[PDB]
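Q: Structure provided below as structure tokens; questions to follow.
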Amino acid sequence: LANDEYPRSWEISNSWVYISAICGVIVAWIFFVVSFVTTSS
Amino acid sequence: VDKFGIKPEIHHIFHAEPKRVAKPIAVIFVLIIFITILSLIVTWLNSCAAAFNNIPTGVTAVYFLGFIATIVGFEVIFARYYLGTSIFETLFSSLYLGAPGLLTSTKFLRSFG
Amino acid sequence: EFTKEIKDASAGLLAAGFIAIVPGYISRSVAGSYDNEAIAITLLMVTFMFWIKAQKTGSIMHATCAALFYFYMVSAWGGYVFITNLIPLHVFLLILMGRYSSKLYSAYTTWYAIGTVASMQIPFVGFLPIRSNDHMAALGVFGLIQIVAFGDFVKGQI
Amino acid sequence: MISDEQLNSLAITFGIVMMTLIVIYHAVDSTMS
Amino acid sequence: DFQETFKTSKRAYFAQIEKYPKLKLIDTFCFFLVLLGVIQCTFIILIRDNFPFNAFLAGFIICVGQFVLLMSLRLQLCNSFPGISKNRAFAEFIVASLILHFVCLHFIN
Ligand SMILES: *[C@@H]1O[C@H](CO)[C@@H](O[C@@H]2O[C@H](CO)[C@@H](O[C@@H]3O[C@H](CO[C@H]4O[C@H](CO)[C@@H](O)[C@H](O)[C@@H]4O)[C@@H](O)[C@H](O[C@H]4O[C@H](CO)[C@@H](O)[C@H](O)[C@@H]4O[C@H]4O[C@H](CO)[C@@H](O)[C@H](O)[C@@H]4O[C@H]4O[C@H](CO)[C@@H](O)[C@H](O)[C@@H]4O)[C@@H]3O)[C@H](O)[C@H]2NC(C)=O)[C@H](O)[C@H]1NC(C)=O
Ligand SMILES: CCCCC/C=C\C/C=C\CCCCCCCC(=O)O[C@H](COC(=O)CCCCCCCCCCCCCCC)COP(=O)([O-])OCC[N+](C)(C)C
Ligand SMILES: CCCCC/C=C\C/C=C\CCCCCCCC(=O)O[C@H](COC(=O)CCCCCCCCCCCCCCC)COP(=O)([O-])OCC[N+](C)(C)C
Ligand SMILES: C[C@H]1CC[C@]2(OC1)O[C@H]1[C@H](O)[C@@H]3[C@H]4CC[C@@H]5C[C@H](O[C@H]6O[C@@H](CO)[C@H](O)[C@@H](O)[C@@H]6O)[C@@H](O)C[C@@]5(C)[C@@H]4CC[C@@]3(C)[C@@H]1[C@H]2C
Ligand SMILES: C[C@H]1CC[C@]2(OC1)O[C@H]1[C@H](O)[C@@H]3[C@H]4CC[C@@H]5C[C@H](O[C@H]6O[C@@H](CO)[C@H](O)[C@@H](O)[C@@H]6O)[C@@H](O)C[C@@]5(C)[C@@H]4CC[C@@]3(C)[C@@H]1[C@H]2C
Ligand SMILES: C[C@H]1CC[C@]2(OC1)O[C@H]1[C@H](O)[C@@H]3[C@H]4CC[C@@H]5C[C@H](O[C@H]6O[C@@H](CO)[C@H](O)[C@@H](O)[C@@H]6O)[C@@H](O)C[C@@]5(C)[C@@H]4CC[C@@]3(C)[C@@H]1[C@H]2C
Ligand SMILES: C[C@H]1CC[C@]2(OC1)O[C@H]1[C@H](O)[C@@H]3[C@H]4CC[C@@H]5C[C@H](O[C@H]6O[C@@H](CO)[C@H](O)[C@@H](O)[C@@H]6O)[C@@H](O)C[C@@]5(C)[C@@H]4CC[C@@]3(C)[C@@H]1[C@H]2C
Ligand SMILES: C[C@H]1CC[C@]2(OC1)O[C@H]1[C@H](O)[C@@H]3[C@H]4CC[C@@H]5C[C@H](O[C@H]6O[C@@H](CO)[C@H](O)[C@@H](O)[C@@H]6O)[C@@H](O)C[C@@]5(C)[C@@H]4CC[C@@]3(C)[C@@H]1[C@H]2C
Ligand SMILES: C[C@H]1CC[C@]2(OC1)O[C@H]1[C@H](O)[C@@H]3[C@H]4CC[C@@H]5C[C@H](O[C@H]6O[C@@H](CO)[C@H](O)[C@@H](O)[C@@H]6O)[C@@H](O)C[C@@]5(C)[C@@H]4CC[C@@]3(C)[C@@H]1[C@H]2C
Ligand SMILES: [Mn+2]
């Protein structure tokens, strides 16, 4: 089997928890960068 | 009696494909993660950790927007890589975003800090 | 560059002149020799260069460059494991001599995280960085440097 | 094309020149600083 | 014994963190980046299976890498390194974070 012939991550119920984590982390990271540059010490 | 008669049939015996967890437990854990992220954002905003006080104004503002666009932009690129976009198109979009994005981000950081 | 990072530029020029024509390297890089080493000995050196620049300055960018060229070497040659065992040892020794600093934490932690997550993308390597013995030193030093770091902060109180 | 003895002489000349120039550089770096 | 030390450390931390907002930001982020990790491990233990191991490794390594990068940023912000300003530490952090994000998105397939 080739590399692009396996089932995708969004099709296996187990990976659902692991994609959500990654997705949440990335969104939080974007907010952190903005909030970092727009705050004053 | 060999070499002459009919031989019995043979059938391959296949292995077992891995079992997948039932959907409700995965859904519960996704809800847990969503609640956790909502907690993070509300925690940041409630505390003065993030207070949006040093907002750029004037010409610096546009540099700020360019920095923001470069940051979100790369993320979007990666997401489209996650959806099925090739690696060559990904490298080309990354170069096209990274030249002027780098210029604008360096100017913003050099002028606001 | 690496020898300029060690002593100075004159020593670096001597080292370059030496390595240009020394037979121990020419034995496996003669025109026609198209084996894995033809590029590996290059990448190795580059990696080490960046790591040195990462270890004494504390830069995150130089540790990221070291990790990227370490990924290049993992993708190019099977003796990458040498580097996977040499960079931790270094750090470990610096811990025993009493020479821990925040630059060490920055450099080593950045290198380990990025290079480890990146070296598992080569299908021939796979999950070996987490299940093999020749990769267990690095991971170990990735834990120790935490316990030290936190402990250092406690030392600031008492 | 180039011969074998010619390529040997060329390699040796390149080496000798390189070593002489690295020695001169080192002498100027060590003396003037 | 250690109770007085812990109390003094708590006072010191609450001081520093409300005298510098950014160190608060970072701290909060790091804490939740621990929480997420814990959650994922809980899932792997509860369901007693590791069918897609690359997916778990990606989801876990993204959290530990973001944590260690934030800690390096915090160390460079509390007491800066000789030849590296705070702007340059922030930009290096951004570049390293983007690279880690890309590698962890490739890992999970
Ligand atoms: C590296 O190179 C080397 C050398 O080139 C490779 O080594 C070869 O590997 C082969 C396997 O891939 C191996 O072949 C097998 O040998 C087994 C042992 O045979 C010896 O012992 C038996 C007694 O048990 C003797 O009778 C026999 O003469 C030998 O001395 C056999 O058991 C295997 O036979 C099975 O497969 C063949 C074809 O696949 C069938 O024709 C045969 O009838 C057997 O089929 C059963 O099993 C398969 C699954 O394996 C089922 O699909 C099938 O339906 C049958 O299942 C029934 O029977 C089983 C009991 O066997 C029962 O449990 C089940 O319920 C069913 O009732 C096969 O012949 C070579 O010998 C070996 N060569 C050497 C020199 O070692 C090596 O693979 C390479 N490495 C790699 C590629 O990584
Ligand atoms: C801010 C900057 C951000 C960018 C960062 C850039 C680089 C990060 C550094 C390291 C990341 C390593 C992981 C990326 C691997 C991409 C390969 C790929 O692409 O192969 C992939 C898959 O094959 C593989 O896995 C096999 C592994 C490939 C081994 C690497 C080849 C060796 C080359 C070494 C470098 C040579 C230097 C250039 C020559 C001088 C093809 O993908 P696809 O075309 O099917 O697209 C579909 C996208 N799906 C899949 C998500 C849907
Ligand atoms: C960055 C630093 C780089 C440092 C240098 C690196 C590598 C060089 C070191 C060693 C390489 C040795 C090469 C041996 C030659 C094998 C072929 C041979 O032997 O040619 C010789 C001939 O030669 C010559 O007359 C060449 C004379 C002068 C050449 C022009 C100067 C060269 C400039 C180089 C760059 C030019 C680009 C300009 C852009 C500004 C054999 O000709 P033939 O009989 O086979 O031709 C067929 C017969 N007709 C002649 C009738 C056609
Ligand atoms: C706070 C942060 C973290 C959480 C997150 O960002 C914000 O917000 C999450 C969403 O909740 C997303 C999930 C929604 C449910 C969705 C079910 C799909 O399954 C479909 O499959 C089709 C084929 O049969 C069927 O036709 C359809 O009916 C069936 O719904 C599956 O593909 C993807 C999945 C699980 C999403 C994954 C990513 C998540 C967790 C997102 C994160 C990035
Ligand atoms: C990069 C971060 C951010 C982005 C994201 O997280 C990681 O990565 C996204 C994925 O792209 C996910 C989608 C995949 C496609 C999938 C199609 C399903 O439907 C199809 O089902 C087929 C058979 O059943 C029918 O043949 C088709 O016609 C029909 O469209 C749909 O149900 C769910 C959907 C849209 C997934 C939802 C979650 C997404 C958007 C994920 C995000 C949270
Ligand atoms: C300010 C915001 C503005 C909106 C946005 O962020 C910034 O910027 C948008 C982009 O324009 C994205 C689109 C790109 C084109 C892409 C084509 C896809 O087709 C794929 O379909 C797959 C199966 O589902 C196949 O496997 C693949 O091969 C095949 O390419 C389509 O499905 C999704 C689509 C339209 C992207 C969706 C997310 C968008 C809208 C992004 C938003 C988040
Ligand atoms: C503190 C340290 C010490 C403890 C440890 O590390 C952390 O924690 C253990 C985990 O329990 C790991 C195993 C889980 C099961 C997992 C199945 C994979 O199988 C895949 O194999 C692919 C072929 O390439 C297929 O394509 C995929 O479909 C298929 O899922 C296999 O590769 C790796 C394996 C066995 C894990 C690595 C080793 C273990 C024991 C780890 C130890 C070293
Ligand atoms: C700045 C960079 C670029 C330039 C360069 O690197 C440094 O420096 C060049 C040298 O000048 C080299 C030449 C030396 C002279 C030598 C004469 C032979 O001439 C034959 O032909 C008749 C001639 O009268 C007779 O019969 C015999 O002398 C003899 O057999 C000829 O074979 C080889 C040749 C020309 C060398 C080739 C490589 C050169 C061009 C070198 C380049 C790679
Ligand atoms: C600033 C610069 C300017 C001046 C210079 O550098 C510094 O100072 C010159 C030297 O005088 C060099 C020559 C030495 C003699 C040597 C004889 C070899 O010939 C045979 O010598 C036998 C001996 O044992 C072998 O047995 C044989 O194998 C071998 O072929 C010949 O190959 C190379 C040659 C001529 C050197 C070339 C470079 C020179 C001219 C150098 C110049 C470029
Ligand atoms: Mn070989």
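The chains in the structure tokens are called A, B, ... from first to last as shown; in each chain the residues are counted from 1, and the ligands are counted from 1 in the order shown.
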Near chain E, meaning an atom within 9 Å, which residues of chain C appear when counting only C-alpha atoms? Write them as a ChimeraX atom specification.
A: /C:57-61,64,102-103,105-107,109-110,113-114,117-118,120-121,127,154,157-158
Q: Just want the residues within 10 Å of ligand 10, written as a PyMOL selection string, counting only C-alpha atoms and all ligand atoms.
A: chain C and resi 28+33-38+77-78
Q: Output N, CA, C and O atoms for every residue in the selection just made, as a PDB file, in the first residue's frame.
A:
```
ATOM      1  N   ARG C  28      36.831   8.179   0.691  1.00  0.00           N
ATOM      2  CA  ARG C  28      35.418   7.886   0.481  1.00  0.00           C
ATOM      3  C   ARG C  28      34.684   9.039  -0.196  1.00  0.00           C
ATOM      4  O   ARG C  28      33.451   9.070  -0.183  1.00  0.00           O
ATOM      5  N   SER C  33      32.831   7.993  -6.296  1.00  0.00           N
ATOM      6  CA  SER C  33      32.309   7.467  -5.037  1.00  0.00           C
ATOM      7  C   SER C  33      31.006   8.181  -4.718  1.00  0.00           C
ATOM      8  O   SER C  33      31.003   9.326  -4.261  1.00  0.00           O
ATOM      9  N   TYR C  34      29.893   7.497  -4.945  1.00  0.00           N
ATOM     10  CA  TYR C  34      28.557   8.056  -4.801  1.00  0.00           C
ATOM     11  C   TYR C  34      27.809   7.366  -3.664  1.00  0.00           C
ATOM     12  O   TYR C  34      26.648   6.981  -3.796  1.00  0.00           O
ATOM     13  N   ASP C  35      28.490   7.180  -2.538  1.00  0.00           N
ATOM     14  CA  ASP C  35      27.901   6.540  -1.376  1.00  0.00           C
ATOM     15  C   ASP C  35      27.315   7.593  -0.436  1.00  0.00           C
ATOM     16  O   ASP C  35      27.415   8.799  -0.671  1.00  0.00           O
ATOM     17  N   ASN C  36      26.687   7.125   0.646  1.00  0.00           N
ATOM     18  CA  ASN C  36      25.994   8.018   1.569  1.00  0.00           C
ATOM     19  C   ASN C  36      26.928   9.042   2.197  1.00  0.00           C
ATOM     20  O   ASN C  36      26.498  10.153   2.522  1.00  0.00           O
ATOM     21  N   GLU C  37      28.200   8.690   2.384  1.00  0.00           N
ATOM     22  CA  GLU C  37      29.125   9.589   3.062  1.00  0.00           C
ATOM     23  C   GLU C  37      29.476  10.810   2.224  1.00  0.00           C
ATOM     24  O   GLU C  37      29.820  11.853   2.793  1.00  0.00           O
ATOM     25  N   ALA C  38      29.371  10.708   0.893  1.00  0.00           N
ATOM     26  CA  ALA C  38      29.730  11.810   0.003  1.00  0.00           C
ATOM     27  C   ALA C  38      29.102  13.129   0.428  1.00  0.00           C
ATOM     28  O   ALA C  38      29.671  14.197   0.179  1.00  0.00           O
ATOM     29  N   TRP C  77      21.913   9.794   5.871  1.00  0.00           N
ATOM     30  CA  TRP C  77      22.886   8.781   6.251  1.00  0.00           C
ATOM     31  C   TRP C  77      22.455   8.107   7.544  1.00  0.00           C
ATOM     32  O   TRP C  77      21.824   8.724   8.404  1.00  0.00           O
ATOM     33  N   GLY C  78      22.809   6.830   7.672  1.00  0.00           N
ATOM     34  CA  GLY C  78      22.422   6.044   8.827  1.00  0.00           C
ATOM     35  C   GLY C  78      23.254   6.249  10.073  1.00  0.00           C
ATOM     36  O   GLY C  78      22.859   5.770  11.138  1.00  0.00           O
TER      37      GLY C  78
END
```
Q: Write out as a VMD selection string all residues of chain D that DSSP puts in alpha helix (DSSP H) for this structure's backbone.
A: chain D and resid 4 to 31
Q: Now that the selection is made, can you save its residues with C-alpha atoms as a PDB file, in the first residue's frame?
A:
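File produced: again.pdb:
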```pdb
ATOM      1  CA  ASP D   4      47.960  12.330 -15.439  1.00  0.00           C
ATOM      2  CA  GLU D   5      51.316  13.934 -14.629  1.00  0.00           C
ATOM      3  CA  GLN D   6      49.783  17.327 -15.408  1.00  0.00           C
ATOM      4  CA  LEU D   7      46.916  16.751 -12.977  1.00  0.00           C
ATOM      5  CA  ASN D   8      49.401  15.599 -10.332  1.00  0.00           C
ATOM      6  CA  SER D   9      51.457  18.770 -10.789  1.00  0.00           C
ATOM      7  CA  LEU D  10      48.291  20.886 -10.647  1.00  0.00           C
ATOM      8  CA  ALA D  11      47.124  19.277  -7.395  1.00  0.00           C
ATOM      9  CA  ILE D  12      50.560  19.667  -5.808  1.00  0.00           C
ATOM     10  CA  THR D  13      50.792  23.315  -6.899  1.00  0.00           C
ATOM     11  CA  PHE D  14      47.346  24.095  -5.475  1.00  0.00           C
ATOM     12  CA  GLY D  15      48.313  22.481  -2.171  1.00  0.00           C
ATOM     13  CA  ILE D  16      51.644  24.286  -1.918  1.00  0.00           C
ATOM     14  CA  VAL D  17      50.042  27.652  -2.689  1.00  0.00           C
ATOM     15  CA  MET D  18      47.300  27.087  -0.121  1.00  0.00           C
ATOM     16  CA  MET D  19      49.737  26.145   2.639  1.00  0.00           C
ATOM     17  CA  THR D  20      52.035  29.091   1.901  1.00  0.00           C
ATOM     18  CA  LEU D  21      49.134  31.531   2.001  1.00  0.00           C
ATOM     19  CA  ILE D  22      47.718  30.130   5.241  1.00  0.00           C
ATOM     20  CA  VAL D  23      51.175  30.451   6.795  1.00  0.00           C
ATOM     21  CA  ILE D  24      51.459  34.075   5.664  1.00  0.00           C
ATOM     22  CA  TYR D  25      47.972  34.811   7.006  1.00  0.00           C
ATOM     23  CA  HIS D  26      48.828  33.245  10.354  1.00  0.00           C
ATOM     24  CA  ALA D  27      52.068  35.203  10.609  1.00  0.00           C
ATOM     25  CA  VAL D  28      50.293  38.498   9.957  1.00  0.00           C
ATOM     26  CA  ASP D  29      47.496  37.681  12.412  1.00  0.00           C
ATOM     27  CA  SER D  30      49.924  36.626  15.164  1.00  0.00           C
ATOM     28  CA  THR D  31      52.365  39.505  14.633  1.00  0.00           C
TER      29      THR D  31
END
```
Q: Compile the contact shell of residue 23 (chain E) as an NGL selection string: residues with an atom at most 12 Å away, counting only C-alpha atoms, same-chain residues fewer than 2 positions apart removed.
A: (:A and (32 or 36 or 39-41)) or (:B and (44 or 48-50)) or (:E and (13-21 or 25-30 or 70-71 or 73-78))
Q: What residues in chain B have any atom no more than 8 Å from chain E when counting only C-alpha atoms, and can you write them as an mmCIF file with N, CA and C atoms, in the first residue's frame?
A:
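So iface-v6.cif came out as:
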```cif
data_model
loop_
_atom_site.group_PDB
_atom_site.id
_atom_site.type_symbol
_atom_site.label_atom_id
_atom_site.label_comp_id
_atom_site.auth_asym_id
_atom_site.auth_seq_id
_atom_site.Cartn_x
_atom_site.Cartn_y
_atom_site.Cartn_z
ATOM 1 N N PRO B 18 -7.255 -3.273 12.825
ATOM 2 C CA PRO B 18 -7.356 -2.785 14.206
ATOM 3 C C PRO B 18 -8.750 -2.271 14.531
ATOM 4 N N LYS B 19 -9.157 -2.492 15.777
ATOM 5 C CA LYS B 19 -10.460 -2.052 16.247
ATOM 6 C C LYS B 19 -10.431 -0.564 16.568
ATOM 7 N N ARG B 20 -11.558 0.098 16.329
ATOM 8 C CA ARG B 20 -11.693 1.527 16.560
ATOM 9 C C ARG B 20 -12.666 1.780 17.703
ATOM 10 N N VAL B 21 -12.351 2.784 18.523
ATOM 11 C CA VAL B 21 -13.161 3.095 19.693
ATOM 12 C C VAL B 21 -14.540 3.583 19.261
ATOM 13 N N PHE B 29 -14.519 13.274 24.830
ATOM 14 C CA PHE B 29 -13.184 13.838 25.019
ATOM 15 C C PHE B 29 -12.963 15.090 24.173
ATOM 16 N N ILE B 33 -11.918 18.829 25.556
ATOM 17 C CA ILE B 33 -10.860 19.683 25.016
ATOM 18 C C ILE B 33 -11.408 21.059 24.641
ATOM 19 N N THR B 36 -11.779 23.033 27.708
ATOM 20 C CA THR B 36 -10.468 23.470 28.181
ATOM 21 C C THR B 36 -9.982 24.706 27.427
ATOM 22 N N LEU B 40 -9.139 28.491 28.712
ATOM 23 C CA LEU B 40 -7.878 29.207 28.555
ATOM 24 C C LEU B 40 -8.156 30.636 28.121
ATOM 25 N N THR B 43 -9.785 32.718 30.833
ATOM 26 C CA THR B 43 -8.815 32.994 31.884
ATOM 27 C C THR B 43 -7.921 34.148 31.468
ATOM 28 N N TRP B 44 -7.432 34.117 30.226
ATOM 29 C CA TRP B 44 -6.563 35.193 29.764
ATOM 30 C C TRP B 44 -7.291 36.525 29.857
ATOM 31 N N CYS B 48 -5.674 40.487 33.879
ATOM 32 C CA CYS B 48 -5.131 41.531 33.028
ATOM 33 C C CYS B 48 -3.946 41.050 32.207
ATOM 34 N N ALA B 49 -3.667 39.741 32.231
ATOM 35 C CA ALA B 49 -2.634 39.149 31.386
ATOM 36 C C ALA B 49 -2.655 39.764 29.994
ATOM 37 N N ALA B 50 -3.818 39.711 29.352
ATOM 38 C CA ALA B 50 -4.062 40.314 28.048
ATOM 39 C C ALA B 50 -5.044 41.461 28.249
ATOM 40 N N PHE B 74 0.656 31.778 7.396
ATOM 41 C CA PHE B 74 1.377 30.508 7.477
ATOM 42 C C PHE B 74 0.500 29.400 8.049
ATOM 43 N N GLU B 75 -0.248 29.704 9.111
ATOM 44 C CA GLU B 75 -1.162 28.727 9.694
ATOM 45 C C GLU B 75 -2.144 28.204 8.652
ATOM 46 N N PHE B 78 -0.509 25.812 6.317
ATOM 47 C CA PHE B 78 -0.364 24.491 6.925
ATOM 48 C C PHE B 78 -1.690 23.737 6.940
ATOM 49 N N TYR B 82 -2.801 20.202 5.302
ATOM 50 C CA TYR B 82 -3.438 19.118 6.033
ATOM 51 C C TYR B 82 -4.643 18.590 5.276
ATOM 52 N N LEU B 109 8.481 44.754 14.177
ATOM 53 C CA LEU B 109 9.228 44.477 15.399
ATOM 54 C C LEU B 109 10.309 45.519 15.650
ATOM 55 N N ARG B 110 10.900 46.067 14.589
ATOM 56 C CA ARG B 110 11.927 47.085 14.747
ATOM 57 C C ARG B 110 11.339 48.435 15.136
ATOM 58 N N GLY B 113 8.670 48.143 19.844
ATOM 59 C CA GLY B 113 9.274 47.272 20.834
ATOM 60 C C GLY B 113 10.273 47.983 21.724
#
```
Q: For chain A, report every residue with an atom at most 9 Å from chain E (counting only C-alpha atoms), formatted as a list in words.
A: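 That gives the following set of residues: residues 8, 9, 12, 14, 15, 17, 18, 19, 20, 21, 22, 25, 26, 28, 29, 32, 33, 35, 36, 39, 40 and 41 of chain A.
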Q: Take the residues from that selection and write them out as an mmCIF file, in the first residue's frame, keeping C-alpha atoms.
A:
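Saved to selection18.cif:
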```cif
data_model
loop_
_atom_site.group_PDB
_atom_site.id
_atom_site.type_symbol
_atom_site.label_atom_id
_atom_site.label_comp_id
_atom_site.auth_asym_id
_atom_site.auth_seq_id
_atom_site.Cartn_x
_atom_site.Cartn_y
_atom_site.Cartn_z
ATOM 1 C CA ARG A 8 -7.104 9.727 6.590
ATOM 2 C CA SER A 9 -6.825 10.948 10.170
ATOM 3 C CA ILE A 12 -10.578 7.084 12.493
ATOM 4 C CA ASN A 14 -9.538 7.537 17.799
ATOM 5 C CA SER A 15 -7.668 10.340 16.064
ATOM 6 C CA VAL A 17 -9.218 13.515 20.245
ATOM 7 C CA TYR A 18 -5.702 14.082 18.884
ATOM 8 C CA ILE A 19 -6.698 16.399 16.032
ATOM 9 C CA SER A 20 -8.834 18.483 18.394
ATOM 10 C CA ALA A 21 -5.897 18.959 20.743
ATOM 11 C CA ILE A 22 -3.590 20.083 17.963
ATOM 12 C CA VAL A 25 -3.251 24.458 20.551
ATOM 13 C CA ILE A 26 -2.748 26.284 17.288
ATOM 14 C CA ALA A 28 -4.491 29.397 21.368
ATOM 15 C CA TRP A 29 -1.034 30.107 20.003
ATOM 16 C CA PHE A 32 -1.217 34.399 22.531
ATOM 17 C CA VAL A 33 0.937 36.089 19.915
ATOM 18 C CA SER A 35 -2.122 39.326 23.138
ATOM 19 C CA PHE A 36 1.630 39.339 23.642
ATOM 20 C CA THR A 39 -0.022 44.415 25.969
ATOM 21 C CA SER A 40 2.165 46.873 27.882
ATOM 22 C CA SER A 41 4.430 46.232 30.864
#
```
Q: 10 Å from ligand 1 is the threshold here; counting only C-alpha atoms and all ligand atoms, which polymer residues fall inside it? Answer as a PyMOL selection string.
A: chain B and resi 8-15
Q: Just the selected residues (C-alpha atoms), exported as a PDB file, in the first residue's frame, please.
A:
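Wrote part22.pdb, looks like this:
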```pdb
ATOM      1  CA  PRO B   8      -7.092 -30.101  -1.985  1.00  0.00           C
ATOM      2  CA  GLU B   9      -7.944 -26.419  -2.103  1.00  0.00           C
ATOM      3  CA  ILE B  10      -5.961 -23.745  -0.264  1.00  0.00           C
ATOM      4  CA  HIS B  11      -7.332 -20.401   0.927  1.00  0.00           C
ATOM      5  CA  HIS B  12      -5.286 -17.596   2.432  1.00  0.00           C
ATOM      6  CA  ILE B  13      -6.004 -16.595   6.029  1.00  0.00           C
ATOM      7  CA  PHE B  14      -5.980 -12.829   6.478  1.00  0.00           C
ATOM      8  CA  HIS B  15      -5.041 -10.952   9.639  1.00  0.00           C
TER       9      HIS B  15
END
```
Q: Show me which residues sit within 6 Å of ligand 4 when counting only C-alpha atoms and all ligand atoms, and put them as a PDB file with C-alpha atoms, in the first residue's frame.
A:
```pdb
ATOM      1  CA  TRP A  10     -10.331  12.400  10.212  1.00  0.00           C
ATOM      2  CA  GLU A  11     -11.843   8.983   9.431  1.00  0.00           C
ATOM      3  CA  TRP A  16     -10.549  12.733  16.771  1.00  0.00           C
ATOM      4  CA  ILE A  19      -6.698  16.399  16.032  1.00  0.00           C
ATOM      5  CA  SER A  20      -8.834  18.483  18.394  1.00  0.00           C
ATOM      6  CA  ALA A  21      -5.897  18.959  20.743  1.00  0.00           C
ATOM      7  CA  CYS A  23      -6.245  22.351  16.524  1.00  0.00           C
ATOM      8  CA  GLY A  24      -6.937  23.948  19.877  1.00  0.00           C
TER       9      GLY A  24
ATOM     10  CA  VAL B  30     -13.506  16.384  22.196  1.00  0.00           C
ATOM     11  CA  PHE B  34     -13.233  22.372  23.718  1.00  0.00           C
ATOM     12  CA  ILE B  37      -9.701  25.888  25.339  1.00  0.00           C
TER      13      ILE B  37
END
```
Q: Write out as a list in words the residues lying within 12 Å of residue 102 (chain B), counting only C-alpha atoms and excluding same-chain residues fewer than 5 positions away.
A: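 That gives residues 63, 66, 67, 68, 69, 70, 71, 73, 74, 94, 95, 96, 97, 107, 108, 109 and 110 of chain B; 91, 94 and 95 of chain E.
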Q: Using C-alpha atoms, can you export the residues from the last selection as an mmCIF file, in the first residue's frame?
A:
```cif
data_model
loop_
_atom_site.group_PDB
_atom_site.id
_atom_site.type_symbol
_atom_site.label_atom_id
_atom_site.label_comp_id
_atom_site.auth_asym_id
_atom_site.auth_seq_id
_atom_site.Cartn_x
_atom_site.Cartn_y
_atom_site.Cartn_z
ATOM 1 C CA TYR B 63 2.920 47.082 9.861
ATOM 2 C CA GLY B 66 1.077 42.823 7.999
ATOM 3 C CA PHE B 67 2.636 40.931 10.907
ATOM 4 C CA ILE B 68 -0.778 39.519 11.837
ATOM 5 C CA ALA B 69 -1.457 38.528 8.232
ATOM 6 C CA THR B 70 1.898 36.744 7.918
ATOM 7 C CA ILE B 71 1.255 34.842 11.148
ATOM 8 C CA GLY B 73 -1.220 33.168 6.767
ATOM 9 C CA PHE B 74 1.377 30.508 7.477
ATOM 10 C CA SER B 94 5.273 29.621 1.672
ATOM 11 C CA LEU B 95 7.943 31.486 -0.303
ATOM 12 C CA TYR B 96 5.436 33.972 -1.732
ATOM 13 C CA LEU B 97 4.066 34.698 1.739
ATOM 14 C CA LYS B 107 9.767 46.399 10.222
ATOM 15 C CA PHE B 108 6.963 46.060 12.782
ATOM 16 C CA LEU B 109 9.228 44.477 15.399
ATOM 17 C CA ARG B 110 11.927 47.085 14.747
ATOM 18 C CA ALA E 91 10.939 36.396 16.693
ATOM 19 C CA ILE E 94 7.727 32.581 16.545
ATOM 20 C CA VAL E 95 9.854 30.871 13.883
#
```
Q: May I ask which of the residues E:1, E:11, E:45, E:38 is the closest one to ligand 7, counting only C-alpha atoms and all ligand atoms?
A: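 Closest residue, counting only C-alpha atoms and all ligand atoms: E:45.
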Q: Take atom 40 (C, counted along the ligand's line) of ligand 7 and CA of residue 130 (chain C) and report the distance between them in Å, one decimal.
A: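 Result for atom 40 (C, counted along the ligand's line) of ligand 7 versus CA of residue 130 (chain C): 8.7 Å, one decimal.
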Q: Could you work out how far CA of residue 32 (chain B) lies from atom 32 (O, counted along the ligand's line) of ligand 5, giving the answer in Å with one decimal?
A: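 Answer for the atom 32 (O, counted along the ligand's line) of ligand 5 to CA of residue 32 (chain B) separation: 20.5 Å.
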Q: Counting only C-alpha atoms and all ligand atoms, what residues are within 8 Å of ligand 6, given as a PyMOL selection string?
A: chain B and resi 72-73+76+80+83-85
Q: From the set C:123, C:50, C:26, C:92, which residue has the shortest atom-to-atom contact distance to chain A, counting only C-alpha atoms?
A: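 Ranked by minimum distance to chain A, first place goes to C:123.
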Q: Go through the chains and note each residue within 7 Å of ligand 8, using only C-alpha atoms and all ligand atoms, then give the set as a list in words.
A: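 Listed by chain and ascending number, the contacts are residues 1, 2 and 3 of chain D.
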Q: Which residue gives the smallest distance to chain D among C:62, C:14, C:19, C:2, with only C-alpha atoms counted?
A: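 So, comparing all the options, the nearest one is C:14.
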Q: Would you give me, as a ChimeraX atom specification, the residues of chain C that come within 8 Å of chain D, using only C-alpha atoms?
A: /C:10,13-14,17
